[PDB]
Structure formats: C-alpha cells, structure tokens
Amino acid sequence: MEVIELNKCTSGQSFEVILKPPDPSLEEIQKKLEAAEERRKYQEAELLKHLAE
Amino acid sequence: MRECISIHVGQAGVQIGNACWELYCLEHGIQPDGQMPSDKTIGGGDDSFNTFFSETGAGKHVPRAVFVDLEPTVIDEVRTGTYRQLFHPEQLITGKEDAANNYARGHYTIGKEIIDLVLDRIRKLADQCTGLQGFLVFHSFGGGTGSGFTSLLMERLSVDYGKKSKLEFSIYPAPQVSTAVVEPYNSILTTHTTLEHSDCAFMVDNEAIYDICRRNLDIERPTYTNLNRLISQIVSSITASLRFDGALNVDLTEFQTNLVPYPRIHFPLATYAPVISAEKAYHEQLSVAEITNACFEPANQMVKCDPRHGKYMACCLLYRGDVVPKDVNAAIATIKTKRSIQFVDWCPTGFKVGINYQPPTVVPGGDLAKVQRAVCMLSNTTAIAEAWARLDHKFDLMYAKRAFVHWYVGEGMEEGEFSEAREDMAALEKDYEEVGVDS
Amino acid sequence: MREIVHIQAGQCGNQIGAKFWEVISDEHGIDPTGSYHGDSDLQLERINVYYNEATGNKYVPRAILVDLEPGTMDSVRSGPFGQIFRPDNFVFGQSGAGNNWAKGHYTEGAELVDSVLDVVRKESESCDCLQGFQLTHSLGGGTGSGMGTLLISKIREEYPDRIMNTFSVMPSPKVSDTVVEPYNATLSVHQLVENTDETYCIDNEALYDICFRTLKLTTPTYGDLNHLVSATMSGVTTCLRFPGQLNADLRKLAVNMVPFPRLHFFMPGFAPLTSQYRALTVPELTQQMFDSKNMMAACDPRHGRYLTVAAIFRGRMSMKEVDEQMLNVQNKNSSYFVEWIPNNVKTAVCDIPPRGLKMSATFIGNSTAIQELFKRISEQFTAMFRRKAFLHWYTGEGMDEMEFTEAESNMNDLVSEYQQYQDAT
Amino acid sequence: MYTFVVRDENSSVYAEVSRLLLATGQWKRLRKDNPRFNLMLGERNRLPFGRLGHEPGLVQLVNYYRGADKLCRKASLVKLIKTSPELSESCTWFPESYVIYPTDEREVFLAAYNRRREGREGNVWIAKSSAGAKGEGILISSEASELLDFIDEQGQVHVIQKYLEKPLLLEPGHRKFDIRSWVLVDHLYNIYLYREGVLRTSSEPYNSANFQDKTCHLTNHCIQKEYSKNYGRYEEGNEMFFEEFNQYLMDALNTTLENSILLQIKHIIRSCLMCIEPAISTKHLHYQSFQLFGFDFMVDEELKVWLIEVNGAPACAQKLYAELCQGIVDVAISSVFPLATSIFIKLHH
Ligand SMILES: Nc1nc2c(ncn2[C@@H]2O[C@H](COP(=O)(O)OP(=O)(O)OP(=O)(O)O)[C@@H](O)[C@H]2O)c(=O)[nH]1
Ligand SMILES: Nc1ncnc2c1ncn2[C@@H]1O[C@H](COP(=O)(O)OP(=O)(O)CP(=O)(O)O)[C@@H](O)[C@H]1O
Ligand SMILES: Nc1nc2c(ncn2[C@@H]2O[C@H](COP(=O)(O)OP(=O)(O)O)[C@@H](O)[C@H]2O)c(=O)[nH]1
Ligand SMILES: COc1ccccc1NC(C)=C1C(=O)CC(c2ccccc2)CC1=O
Ligand SMILES: [Ca+2]
Ligand SMILES: [Ca+2]
Ligand SMILES: [Ca+2]
Ligand SMILES: [Ca+2]
Ligand SMILES: [Mg+2]
Ligand SMILES: [Mg+2]
Ligand SMILES: [Mg+2]
C-alpha cells in the first residue's frame, strides 16, 4: 500500500497507489473507394441493360 | 499547452457533442455568446481550457470542434440552438441525404464525396494549433454515418496526422432505444476498419445508460436528451484532465500509456457514481468510500459486464469535488478486502488517482442533482469482451442467412469484407481470452 | 427535404388515392381549397413531405393522377377535395384499358406513359431532396396493374437510386370485377418483385370480410373498402408526416425492414376496427393489432414466420405500457418470429391521433405467410391458363403464351423462396 | 406465461425439472437457441453467461453460478482452501492436499511426506484428478514414487490427498461409504440443504493391507455395480438413506445423525459457499443464477466429517428425483417467476 508521484496544485492533486508489483496509404484508400464506386457502376449498368432489354 | 480537436459524426455524435460543449461552457464559465469574463487575457493565451477553446480578438471562446452529418436536421439544431453563437458555420458540415443505417453507404458511396471537404475544415482548425495533440471522435456504432464515415475519416486522419493520438467515444447499440436491425453489421464493420487507427476508445452501451436513467433518475422512458446529458457528464470527467490544471492524463498520449498496455485491447470500461435524481427532495450525500465502492457495481458501468470474471490491466480513478488522498486510500484498502479485483500477472495491482476539487457541474433544469463529490473509474478489464461476444453472436445469426447483405453489396461493398471483419473480431475475442482467463 | 412524389393509377388507384389525400389533408389542417386552417404547428412541421407550397399560403399535394379513361378522374375532380390537386397533374387517355394488363403495359398505356413521366419529372425537379415515390393501384385491372408497373419500370430507369413503394390492391374472386384478374395480378407481381422496395399487399377479400364481420356492414361497397385503405395508408405514413421518434427516410426504413430483395411484400393492419365511443387500452390496441382479423392481406400469420415487424402507435399513451404489451405479444407468439434476425420487432409512437380516435395502432409485418396470397393467385391463374382460357384478350395485344408461362414460373419461385425462409432455423 | 430453454440434454435432474415446468401449464419450452427465454437450463461447459440479461424486458434466470467451478474442480478447490483466509491452510475438515502438475506443489508435498515417514505415521495418499472421469484416474499408494510416476504418466493436472486410513465402517460388512448431500443456492444466495441425503456404500469388506483392490476403497456407484460381487446385498443399489443410517447410529453408537455428522456437514457447506459468495453472487447483476450442488463427505471412526469434493452438476438418487426436483421448481424457479413443511434446511448467514 504505497503512494507515489504525489503532485499538488490549486485545482486538485494526483498520485498513484500500488498494492503489489507484477497503415494504409492515401493511394490505397483511394484505390478501395474507387473499386467500390466501380462495382456500383457495373451493377447499375446491368440494371440499365436489363431495363433496355 | 497542446490543443485537442473534437469531431462529432452522425446523429449520436452530434447530439452528444452538443451536450458536452454545453457542459464545458458551464464548467469553464463561458456564456453562450462565447464570452468568458474570468479569462483576463483577451484574444489569446495558453491556459488549460485553451486546449478545447480558441479565442477571437473580440473575446469569443470558440470550441475546437467539427460537426459532420450526412443529413442536416440534427446539425440544424446546433445552428439554431442556445449555443449557436459559439460555432462558426465552417465547423458544421451537413450533407443532403443520410447513409440509411448502411455502413457501406456511409463509408464508400457518400463518404467518398465528402471526405475531402471534412478534412479541409479539420485542417483549418489544425492551422490554429501551435501544438496539436490529436482528435476526440464521437459517433455511434449502429448508424450508417457514425460507423461508415467515421472509419473512413479515421483512416485519412492516420494519413494526414500520423503522429497524432486519436480517442473515440462510441455508442454501442441497444435495441431498447433503436428502431434499426442492421446495427450488429455496422458495429463489426466499423470496429474492424477503425481498430488499427484508434489509440483508446470509450464504449458507451445505450442499454446501460438507459437503465441508469430508469433506476437512478426515476425516468420511466428516457429520451436521447436524458441519455446524452448523462453521457456528457461521463465524457466531461474523462476529458477534465485535458481542460484543467493537473498532473494525470494531461495529454492524449497518457491515456494510452496509463490504460492500454496492448494496442488492440484499447477499450477501457467506464464506471460513474453517484447518479442522483434532481427531483429527489431528500438526499444524503455519499462519502468517498461509498462512491468508490459503487465503481465496482455493474449497475453503474457504461457497459454491463462482470469484471469479477475478467482481469484488470489498468485502473484510473478520476474524482471531482471534496476528495482528499487519505480518504481514497482508506476506501481502496477496504474494497480490496471485499471485492474480486484480479490483475494480470504482468501488471502492477494499483490505481492511478486524479482529484479535481471542483465538484461536477450540472445543467440547470437537468435530471441530475448536484453532488459534493463524484468519481469516474476507467478500468481496462477483459470483462468488456462480453460486449464483443454479444455483438458477434447477433452478427453470426443474421450473416449465416445473408440477411440484409444485399444492401451493403448494392453500395459497392464486397461480401468478403463481412467475413474479414468478423474474423478480426474473432481474433480480438481470442486476444481478450488469452489475457484474462486461466486454463 | 425528404419529399415524396405520389402517383395513383387506374380506377382503384385513384379512388383509394383520393381518399388518402382527404384523410391526411384533414390531419394536416388543409381544407379542400388547399388553405391551412389548423390549430397546431405540428401539422406543418413535415407538411412538405407530401405537399408543395404555392404562394398565397396554399398547399398542393405532390400527387399525379393517371388513367386511360376520363371517368374516375372526372369523379375525383368533382369529389370532396377535388380542387386541391394541381390541374396539370391529371394525365388521362380516352380509350380505357378493358381490364387488360397488355393494354395498360404494352399498347394503350405505352402511348400515354411519356406524358406521365413529364409530370413526374416536373415534380421531382422541384424537390429539395426527393426521398422516393409511392404508387396506389390495383393489380386486377388494366391501367393500375399494367400501366402502373410500366410506370414503375420507367421511373426506375430514370431514377435508379430512388425508393419505390406501392399500396397494391390484390384481387379476390369474392370481390371481383372480371375473371381475368388472376392473369393481370400474376403479370404485375413479377414487375413488383423486381422494381419496388416495399409493396403493401391489400387483399380485397380481407377488406370485405372486415367490413362484413367486424364492422357489421351487411352490404359493403368499394367505398367502405376504401375507408379501410385510406386509414391504413395514413397510419403507415404517420411517422413521415408528423414529428416523433422516427428520424428516417424511405431508404433507412427499407434497409431495416427488407432482409432479402425479393421478399418485400408487407402485410398491413390497423386497430381499432369497431362497429365506438369506448376508450381502447394499450393492451387492447396491441392485442388487436397482432390479430389476423385486423390485417388486410387475408393471410394467417400463424401459417408463417415474421422476418421483421414494425408497429406505429398514435395518440397520448404510456410508452412504458406500450413496451410491456409488445413484449407480452412477442412471448405469446415466440414461435412466429425468426430467431436469426435479433430484435426484429420495432415500435414507434406519435402523439397526434387520427381523426375521431384518441389512440390507434398500425401494423406493418414482413411475414412469410404472405406466400398464401401468391399461392391463391397462382392457383387461380393456372386453373384458366391450363386451358388457355381468356388468353385471346392478351394475344390480341401482341403478347404470346411464353410470357404467361414465365410469369407463372416467376411467382412459383417467389412462393418457393418464402417457403425456404419459413423453414430456416 | 413463462419461457425456458434446455441446453444440457444429459441432465437427469433438469430433464425432470423441465417435465414439471411443462406440466404446470404456465411454462413453454422454446428452441435451445431462442434468446427470448426467462429460464436457461444451461450447458455444463462454456455456458454463455455474457449473453444473459440483455434482452429488453425479460427477467432471465440460469441454473448455474458463473465462477462456481472454483469449488467444483479438484485442483481449484485445493487452491481455494489454501489461499482463502476464511478457509486457510489450517482448515480442519479438509484432508491435506497438494496440486501436482505432470502453481505446482511437488516439493512441498514431498516435504510433508518425508516428515510423515519420520514419525512412522500412516503415509497413505490418494492421487486423483477431475479430468479423470468415473473411477479411472484414481491411484492409492503408501509410497510417493508410485504416485508421482503415475501422475507424470498422465498429462492432466492432479491432486494428491491424504488417504483417510481410519474410515467409519458400517456393520455388518466392515465396509466403507461416503455421504452425498444436495445443496440448492437460489438467486438471493439462500443456502438450502435438502433434508434427504444418501450413503454410497462399499459392499466389500474394507482391507487396509491391499490398496490395489480398489473396490472396498472406492465407494463410487459405477465401481461397486461393476466390480463388487456383493452389490445390493445389504441395501438396494449400495444406497442407504438417512432414516436407516440414523437408526444405525442410534443402535450401534448411541448417537444421532444430526449430532454426530450433520452439524459438521452444515458447517462445511456454509463455509464453502459463504467463502465464494462475493465472487459469484448475482444479487446486483443484470441476470440471476441458482445452482444445485452435490457435496461428498467422508466420516472417520471418530465421527469427524471430511469434505472430499463438490460436484457442480450432480445426479440424484432414483427415489429422490421427484421430491428434490419439485423443490427446485418451488424455491429456485417459481420464487422468481411465480405461478397463478419445506423439504430443505435453510443454512443461515
Ligand atoms: N446515446 C445516444 N444514442 C443515439 C443518439 N442518436 C442516435 N443514437 C443511437 O445511434 C444508433 C443509430 O445511429 P445514428 O447516430 O442515429 O445514425 P447516423 O450516425 O446519423 O448515420 P445514418 O444512418 O446516416 O443516419 C442507434 O443505436 C441509436 O440508439 C443520441 O442522441 N444519444
Ligand atoms: N482422501 C480420501 N480418503 C479416503 N477415501 C477417499 C479419499 N478421496 C477419495 N476417496 C474415495 O474415492 C471415491 C471417489 O472419489 P472422488 O469423489 O474423488 O471421485 P468422483 O468425483 O469421480 C465421485 P463423484 O463424482 O460422485 O463425487 C469416494 O467415494 C471416496 O470413498
Ligand atoms: N378496394 C378497392 N378495390 C377496387 C376498387 N375499384 C376496383 N377495385 C378492384 O380492382 C380490380 C379492378 O381494377 P381497376 O382499378 O378497376 O381497373 P383499372 O382502372 O384498369 O386499373 C378488381 O380486383 C377490383 O376488385 C376500389 O375502389 N376499391
Ligand atoms: C423500421 O421502421 C419502423 C420502425 C418502427 C415503427 C415504424 C417504422 N416505419 C416503417 C417500417 C415505415 C416503412 O417501412 C415505410 C413506410 C411508408 C410506406 C409507403 C409510403 C411511405 C412510407 C413509412 C414507415 O413508417
Ligand atoms: Ca485568454
Ligand atoms: Ca496512427
Ligand atoms: Ca391511339
Ligand atoms: Ca418525349
Ligand atoms: Mg443520421
Ligand atoms: Mg374498374
Ligand atoms: Mg466428481
């Protein structure tokens, strides 16, 4: 039960008590967003082709 | 002094952000017009509250915040609300129509068209910072914007601000206050994509806030307004160390240093006490021992789970009000001899304690009574994995039938992202088990 | 923001559509001349969803009226609220469709469809942010069934990312005009399977049985049937038209109600249905709402399973009591909800009750029991088609038998698809 | 009406409990994976406690206490007794035990073993494991090497325990026995001792000069029914019930079952369950738990009671299923979900 690192100021205080010791790049993001946009475009083109038939 | 930029995404993020900045203004003595009489340095300074507020030459104190939603009805409430004079129009970003509770619509379809605009409005705030710490991101798991657009934003923030810390406040989905059914999908999808980009995330389960409001505030049917004012109190106690003089959690990095030994396991459990009804005419004020003991009651946790059947990696005690170290240690000593508090073997069994002498501030006309002392406990316990297990099971039920999957595929998402995200959650669940359970 | 464009096609479609506008205009305080005379600003908060603002404080329904003969729309223009509609939005021919899907879809309707799309385009271009379309029609005639589904296909071609919902009256031999209704309905259902997001299936036999058995109307008329439909449509659209819990456009609503694209045929219901001054308790509202006698698809929900369920309560009542009663109904009927869509029963409350009731409840069920309705149509279809009876009315308009065989196969597949999700665990 | 789900089909106790619930006309059984239940008759292993108590508006009850395994595993029961101050290393009603891996207590066990042979004391020990099921992994020996060679021969965690060399022997027969007590702990953590117990008796004469003949030493029902030729001779199925056993103690030793034995049994049951109460109580949890326990005891020739083990999923005596399962419905299930001369003894605390 040891208290350590006691710091005090006018606003309050803090301390520690111990009881016992023991990324995707910009281009890759753009690639994924554009890949999904192209899958949307392909699906919509299939719908428009279906409607054209 | 090092600035922090808050980002509020989607309805849940915006409304909670609105609740928080209202409370911040009350705590710092900032009037709705932005003026702050106690601030004697006009148009500048590097006080602790300047981490969250910039200053104009006219003496207005402006939140370092951006609000982004894919439809305008929620942010229009900010534009016309009590604190409308606080924010500049460029801080409030609204789209035309929303993501329809569809992660793929928020991440890919609509996110691609608005991400560059959001980054430019964020960059404008960063340019006013002499030493930017990083970002606090508020959002729901279940919404199409809160899940889909947040994960895209977090990815780009890691590109544009690689050194900066990013903290999340995430609303975990609860059927009691939701009319959606696809939220388990959106939660798993956004957790998978955001996991590597978030340094520390505080999950709030609407189920827990709802029941606390029912049980402790005697509100029969809590509204979002009830929930958000309670959530903003917890958020304020977590961010108070960034906004006031102190020596614990004084910058965002310290949150990871004190609460997250292993990067993927970065979801600390928050517990708050006391929550007292303002309508309660007669109330006896609770002691340091009583509010500290209440931090180990599951009924006061932001996520319902049983820490007795997990292990702790870190524990932080954040007090506000009439609290001195002597009473804290006397309370902790008693609690050890009565509670199941087991740490992992490779961590010290201890508590980092922070005390701010100013008692909690409550909104005039709110549901919460003023108390002489309160505490928020932040503990990294493996018991929070119970919340992942609940979510992953609901995901598994629907995904085995591919229910609702066509909505996501129809927005350009591939089906393999579902299983890739689910396998990542399976690994996350396994990580919690390896840390917290014996053979 | 969140504007809806309404279309009504054919005799049934225009008579039900007109009643719908009578009901919600009264709810919003709009008189027959389009002038507002309400007593609550809640009536105007979401008035733009269905009405346009003309100068002079006039509100004009965003409604397009379509028919291949002038008769019914002449009646509409003479009706109670006839003057409220934009005169430019009456689009009609003279030939009629002779209760013939081919005339509505391929010949007579094809000549008129472009001018309907012109009006649709004009209304859409004046929308701040178009939320989607709704169509009222019957499936058993020629204009609403054939030209209605032609319109839906043309609208999806021009507005491929806009929600399209329908209120579709299904034919019944017991409330029938011609023997070819099963042909027209079967041809139409396949169009709806592909091109709508939600289709509310209103069975004329259910409406008749409700009027006869529950309302004690000895001799129901189409007018009596349409009173039930307009009241149901009002309840179904309550949360779009009034402030409340739901902050959702049509897409968000469809996302949460439609787990598989083709299984989007909904079973609506309404409570109370009384033959009258007595107050209905929340238990009574909830119990009657889930009773098959209060639903309008003539399908027994106990014969299938609910994929998703939504309920809308109207009036001033205890939300706590609403939650308790909804849980009580779910436990009484635990076997009839699929267990692989968690929390698939959702509720919403609106404080504003409909005309003449202190409280009411509207039921929206996506149940696999709707397959019984398609089975009925399929049987009636096959009984005639096996002998190729009455086909000459259709081959005379250029159709051949193969298109009928494909429509039959398409609806039999739809029935099969329902059966597989009713047995899934 | 109430709903319940069955997830352990191999439970004889809760097959009868489920039968009674249905026969009330007020309980409906759902599919095992339907989450909208009030009562879960859960699985023995990996019961998903984390998914309980999150269904809106449903009070949910489960027939197992999360964390009660610490009492119901042989290795963890030894650890619990040694490391809990309320039980302590000096506990008088539990035999000297050590945990042995093939942490580990190999050297400490050898230490007390060496001292025991110094004073020429009885140096017989029994090695057992909870993973070894139904009389398999048991070995009794008076020499430590045979125990440890048998332990590391197996890959499972074992416990070596002092073998009670002086057991109370029933007459006629000169025969061993053990006492099974059934204990129900409800959601309020009331501790109910079923008034009816059973003695699982050996039908062979006890022979302390041969620990390889494990039929007169192991009082298991499966071991007696298979290996003992005198099975069922003195009592049906080698099961003597409290009325006869009490009459025997009065006739043979001029005392009663209540005085000589049952006071200690109640003390032990109460000490074990009160010890783990803070760790497993569901008093302020979002779901509630109850559990049926099977305590197994030994009695020595001095009428001292020793706890042997605690079973977390016990079976019941054939003639006692009806009464006990009705009691489970009464005090554990209907207490939370009420319907439209108690058989238990409440151990107070
Ligand atoms: N605590 C709290 N939760 C909220 C609030 N608003 C929404 N939620 C929760 O957030 C989830 C729905 O996500 P939203 O934030 O509304 O959706 P969104 O982020 O705006 O994204 P969209 O789908 O495009 O509308 C549900 O689980 C709601 O219960 C709020 O103000 N407070
Ligand atoms: N220390 C000891 N001294 C004397 N006998 C002992 C003993 N430990 C165990 N026994 C004997 O071994 C038998 C079975 O022991 P144990 O309870 O460990 O096995 P088990 O768990 O498979 C039976 P159950 O599951 O029904 O409780 C007991 O009936 C008892 O007679
Ligand atoms: N409920 C209702 N059904 C109608 C009405 N008018 C016609 N029907 C039904 O609609 C079908 C006939 O279609 P109808 O609309 O009259 O033909 P159309 O003008 O070519 O579209 C039959 O099934 C009729 O039973 C009506 O006013 N109300
Ligand atoms: C998940 O949505 C709900 C949850 C609880 C209670 C009610 C809801 N509303 C639901 C479930 C819907 C819809 O599907 C579409 C409806 C509609 C249909 C046709 C034209 C206009 C509007 C509006 C509507 O209100
Ligand atoms: Ca200043
Ligand atoms: Ca980073
Ligand atoms: Ca012509
Ligand atoms: Ca043209
Ligand atoms: Mg939104
Ligand atoms: Mg007609
Ligand atoms: Mg055993």
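Start at 1 and count along the chain as shown; that gives each residue its number.
Note: Cβ is positioned from N, Cα and C throughout, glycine not excepted.
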(request) Scan C:1-4, C:245-248, C:317-320, C:413-416 against Swiss-Prot and say which stretch is down as motif 'MREI motif'. (result) C:1-4
(request) Output: those recorded positions from C:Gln11, C:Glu69, C:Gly144, C:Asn204, C:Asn226, C:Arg314 whose CB lies less than 6 Å from an atom of ligand 10, in sequence order; none if no residue fits. (result) C:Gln11
(request) List which of the recorded positions C:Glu69, C:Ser138, C:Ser172, C:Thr281, C:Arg314, C:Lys320 have a Cβ under 8 Å from any Cβ of chain B, in sequence order, or say none. (result) C:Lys320
(request) For C:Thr286 (phosphothreonine), just give me the three-state DSSP call. (result) helix
(request) Identify which of the following recorded positions, namely C:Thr55, C:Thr143, C:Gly144, C:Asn204, C:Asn226, C:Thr286, place a Cβ less than 6 Å away from any atom of ligand 3, and list them by sequence position. (result) C:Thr143, C:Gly144, C:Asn204, C:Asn226
(message) Nearest of the modified residues to C:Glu69 (GTP binding site) by CA-CA distance, picking from C:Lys58, C:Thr286, C:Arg314?
(response) C:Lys58
(request) Only counting partners 6 or more residues apart, tell me which same-chain residues put their Cβ under 8 Å from the Cβ of C:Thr143 (GTP binding site). (result) C:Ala9, C:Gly10, C:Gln11, C:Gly13, C:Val66, C:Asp67, C:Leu68, C:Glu69, C:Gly96, C:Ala97, C:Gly104, C:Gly109, C:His137
(message) According to DSSP, does C:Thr143 (GTP binding site) sit in a helix, a strand, or coil?
(response) helix
(request) Identify which of the recorded positions C:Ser40, C:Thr55, C:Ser172, C:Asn204 has its Cβ surrounded by the largest number of other Cβ atoms within 10 Å, counting every protein chain shown. (result) C:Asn204
(request) Compute the C-alpha separation of C:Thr286 (phosphothreonine) from C:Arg314 (omega-N-methylarginine), stating it in Å without decimals. (result) 12
(request) Translate the DSSP assignment of C:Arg314 (omega-N-methylarginine) into the three-state scheme. (result) strand
